[PDB]
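Structural overview for review
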Amino acid sequence: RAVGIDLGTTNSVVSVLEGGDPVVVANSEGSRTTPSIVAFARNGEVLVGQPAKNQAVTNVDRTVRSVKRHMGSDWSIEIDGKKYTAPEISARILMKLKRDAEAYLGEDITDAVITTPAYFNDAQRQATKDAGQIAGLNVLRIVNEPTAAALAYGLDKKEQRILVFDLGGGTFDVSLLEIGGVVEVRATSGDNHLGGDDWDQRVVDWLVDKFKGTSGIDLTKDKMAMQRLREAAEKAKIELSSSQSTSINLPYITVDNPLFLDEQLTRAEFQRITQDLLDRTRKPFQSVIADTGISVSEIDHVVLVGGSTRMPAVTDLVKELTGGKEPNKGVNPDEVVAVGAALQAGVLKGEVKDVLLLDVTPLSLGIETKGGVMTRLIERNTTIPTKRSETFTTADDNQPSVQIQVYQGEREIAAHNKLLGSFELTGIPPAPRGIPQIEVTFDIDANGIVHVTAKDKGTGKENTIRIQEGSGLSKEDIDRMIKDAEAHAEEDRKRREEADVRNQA
Amino acid sequence: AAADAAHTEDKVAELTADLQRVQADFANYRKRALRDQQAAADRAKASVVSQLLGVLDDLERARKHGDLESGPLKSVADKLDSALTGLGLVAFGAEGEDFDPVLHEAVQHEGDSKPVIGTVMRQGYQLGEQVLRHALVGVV
Amino acid sequence: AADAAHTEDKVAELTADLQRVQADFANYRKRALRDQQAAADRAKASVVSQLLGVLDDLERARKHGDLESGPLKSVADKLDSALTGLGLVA
């Protein structure tokens, strides 16, 4: 029910709550980020996203591109209308996201948290809330992007000190927040005309200048060539957060002999042409440091927010503004804000905490089967209070008793896994293998206490074990099992035993 | 006591109000085993064509400029498009048709009244019923 | 008449019911999500079967040295570069 919406000046991501977790709902055409170019049609049929943007490159004056750049101020136009109200333009993409939340299985997404930049105002919050309520979506939290990102990464406590570096893509925002018993923010300030689109335009301009050097073609009126160059530059920029040696080659720009544009754009040149944009960050960070009592080491954690923060220059600047501290990872920077909004929406209306999700993962749970192999019953991260079933059978003809051992350790080889206990069931009448069915269940409660019981479906013989050793393991050693299991990823020897089971039947 | 009984009643009511909600959500997600099961995977089908669309357009403008109207590479392009046709390649934005915003990525507006494509600078491409990339069309 | 024991038993039972149901929900939300990615193998399909023949044709053309020109040398390299990520070699 809860929805996490990150409205933006350039992009917009929506994420609904699937129980206790947020998931970023893909839009109509597969993507997640809906390009927030809320452009009206030739006649009436309002479009949002790429269906609206494609009608904007041709029709410049039939389109509102960015609305988050204006709050309260009437950045309004009219299209067969009469002074259409401003925030309703973003209410249109909000309505699109509410409709598109049904792309994942939903019924009525009527609760959502909308996010706003750190640079805030009573007018800005009121405008976003009015747009939300016009869009038909009840909203109670309008959390700032910094704190929303911090919640997304997980900060709900000592006296935390979270730093935020919102590269944005079109707008910039940096702030330091001290997370204590309440959500706390001190003072925010940053660039408003600066974003990754400036890096894109800078590489576009570099390519244009290089082609003007290599040939006399103006490359300022060949609109098809302009789209080719812009797409190539954006692709190169996104790819530049890898393979520091980069090049692009657009096949057909313009001919009379087909001219072959080709440049080996290097990230060295990227910095050489974007250093002014990068150094525009220094003033906001020094300003937010000096506004209150802050030291370079006073920052506890920093989070990278905003699209296209993967640029090495920005990460270097962040780690040279505080020290060799690494930021938080796990959630994609273009969608951290929506994840945070969804988590906050869940928290507000009572969907997290309680006794739910306090259980996280009982590491490993399984029973060893014949042949040095273990049959998994409860998956590695499966929430602790589970229930399972399995119909096993005696491995030998006329077997009087069957012994089943419970083991933990995701490794397929139970010899290296830790022994927990053994329970043997007797009273089995002598019968050939295949017909008997032995039911095995893993019963586990909130505290982590395990129950493994085996019952004979054929007759009724039942034996029980109470190993209870799943809990109490040291948390430091738990992370070592992750590496132990992941190192031996290519472990398919169990298929040999599975084939060897061919003797039966 | 009375206060303890009231607190216990409140806890019972809260747990009851949560149990049916989580059960209903679990059923709703169980419904997804056949609804979006192929959609998320077929996003990979969309990707394995979204990557090749650039090469397809490059070949298209190679044929348009006559540098590759014939030749072995023209045959290579023919084989590629013929093979991909089985997957559902239905090129849109054909010359002389109506301008569809949901299907066409119009860039240049040479003439400011039914909108129509002046020229397909880049032919739009499709994979079954999934609109992949809007056709680059010069609306006139 | 107080039924305090009955209410405590109901508390101890409904809590376990909530826990079991949420665990089933999470287990199946991981299960079906695992099929969401197991079906990527089916999504692979014969796309490579249709790309590898094209790659082989352009490579056989390249063996004669034709792919040494100017603008003619762009398409094959672009196709190979895009294919290598989402396709196997000849």
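Residues numbered from 1 in each chain as written, not as in the entry; some residues may be left out. Chains lettered and ligands numbered in written order. Heavy atoms only, no water. Residues with missing side-chain atoms left out of burial classes, pairs and counts.

- Structure determination for this PDB entry was carried out by cryo-EM, with a resolution of 3.7 Å recorded in the header.

**Points about the overall build of chain C**
- Scanning chain C from N- to C-terminus turns up 4 helices and 0 strands.
- The order of helices and strands in chain C, counted from the N terminus, is α-α-α-α.
- On C-alpha atoms alone, chain C measures out to a radius of gyration of 29 Å, which is more than a quarter above the 12 Å that the 2.2 N^0.38 rule sets for 90 residues.
- Oriented by its inertia axes, the alpha-carbon framework of chain C measures out at about 95 × 20 × 10 Å. (Helix = DSSP H or I, 4+ residues; strand = E, 2+ residues; numbered from the N terminus. Rg over C-alpha atoms; globule rule 2.2 N^0.38 Å.)

**Focus on the domain arrangement of chain C**
- Under the domain assignment used here, chain C contains domain 1 (4-41) and domain 2 (45-85).
- The distance between the C-alpha centroids of domain 1 of chain C and domain 2 of chain C comes to 51 Å. (Domains from an automatic or database assignment.)

**Points about the side chain of B:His134**
- Tracing the chain through its elements places B:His134 in the loop between β3 (130-133) and β4 (136-139).
- One polar contact links the side chain of B:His134 to the main-chain carbonyl oxygen of B:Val102, over a distance of 3.1 Å.
- Every residue in contact with B:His134, bar those within four places of it in the chain, is listed here: A:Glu29, A:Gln50, A:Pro51, A:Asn54, B:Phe92, B:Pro101, B:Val102, B:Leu103, B:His104 and B:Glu105. (Polar contact = N/O pair within 3.5 Å; in protein donor to acceptor, adjacent residues only side chain to side chain. Contact = heavy atoms within 4.5 Å.)

**A look at the sheet that holds strand β1 (residues 2-6) of chain A**
Residue and element names in this part refer to chain A.
- Reading across from one edge, β3-β2-β1-β4-β5 is the order of the 5 strands in this open sheet, with mixed pairing throughout. Both outer strands of the open sheet, β3 (22-25) and β5 (138-139), are each paired with one neighbouring strand and no more.
- Looking at chain direction, strand β2 (residues 13-17) and β3 are connected through 4 bridges and run antiparallel. Paired with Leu17 across the strands is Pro22, a residue of β3. (Pairing = 2+ DSSP bridges.)

**A look at the interface of chain C and chain B**
- Counting residues at the interface gives 36 residues for chain C, matched by 39 residues for chain B.
- Of the roughly 3500 Å² buried at the junction of chain C and chain B (both faces included), carbon and sulfur atoms supply 78%.
- Of all residues in chain C, C:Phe25, C:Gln36 and C:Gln50 bury the most surface against chain B, accounting for 18% of the area lost on that side.
- Across the contact surface, chain C and chain B share 6 residue pairs in polar contact.
- Listing elements by their share of the side of chain C that touches chain B, those giving two or more residues are α1 (4-38), α2 (40-44), α3 (47-62) and α4 (72-85) of chain C. (Buried area = accessible area lost by both parts, 1.4 Å probe.)

**Digging into the sheet that holds strand β12 (residues 402-408) of chain A**
Residue and element names in this part refer to chain A.
- Taken together, 4 strands build an open sheet; the order of strands is β10-β9-β12-β13 and the sheet is antiparallel. Both edges of this open sheet fall to β10 (373-378) and β13 (418-425), since each of them pairs with a single strand only. The mean inter-strand angle of the sheet, taken between neighbouring strand axes irrespective of direction, is 30°.
- Across 3 bridges, the pairing between strand β9 (residues 365-369) and β12 is antiparallel. (Axes fitted to C-alpha atoms, helices over the stretch in contact; angles between N-to-C directions.)

**Remarks on the interface of chain C and chain A**
- In this assembly, 16 residues from chain C lie in contact with 26 residues from chain A.
- Interface of chain C and chain A: buried area, both sides summed, is about 1700 Å²; carbon and sulfur atoms make up 50% of it.
- It is C:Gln19, C:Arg20 and C:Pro71 in chain C that bury the most area against chain A; as a group they hold 31% of the surface buried on that side.
- The tally of links from chain C across to chain A stands at 4 salt bridges.
- With a closest N to O distance of 3.7 Å, C:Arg29 and A:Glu18 form a salt bridge.
- At 14 residues, the largest contribution of residues to the side of chain C that touches chain A is made by α1(C).
- Residue composition of the side of chain C that touches chain A, grouped by class: 6 nonpolar, 5 polar and 5 charged. (Salt bridge = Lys/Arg side-chain N within 4 Å of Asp/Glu carboxyl O. Nonpolar A, V, L, I, M, F, W, Y, C, P; charged D, E, K, R; others polar.)

**Examining the side chain of A:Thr274**
- By the element assignment, A:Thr274 lies in helix α7 (residues 267-279).
- The residues touching A:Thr274, leaving out its near neighbours within four places in the chain, are A:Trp199 and A:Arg202.

**Let's talk about the pairing of β10(A)**
- Bridge analysis of β9(A) against β10(A) gives 5 bridges, and the strand direction is antiparallel. Bridge pairing in β10(A) links A:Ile367 to A:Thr375.

**What to know about a nonpolar patch on the surface**
All names here are of chain A.
- On the surface, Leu140, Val347 and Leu348 cluster together into a nonpolar patch covering about 270 Å² of accessible area.
- Relative to the elements of secondary structure, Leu348 occurs in helix α10 (residues 336-348).
- Assessed through its relative accessible area of 40%, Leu348 is described here as partly exposed. (Patch = residues over 30% accessible without salt bridge, like charges linked within 9 Å, V, L, I, M, F, W, Y side chains within 5 Å. Areas by Shrake-Rupley, 256 points an atom, 1.4 Å probe, with all protein chains shown as cover. Buried < 20%, exposed > 50% of the residue type's maximum accessible area, 1.4 Å probe, protein only.)

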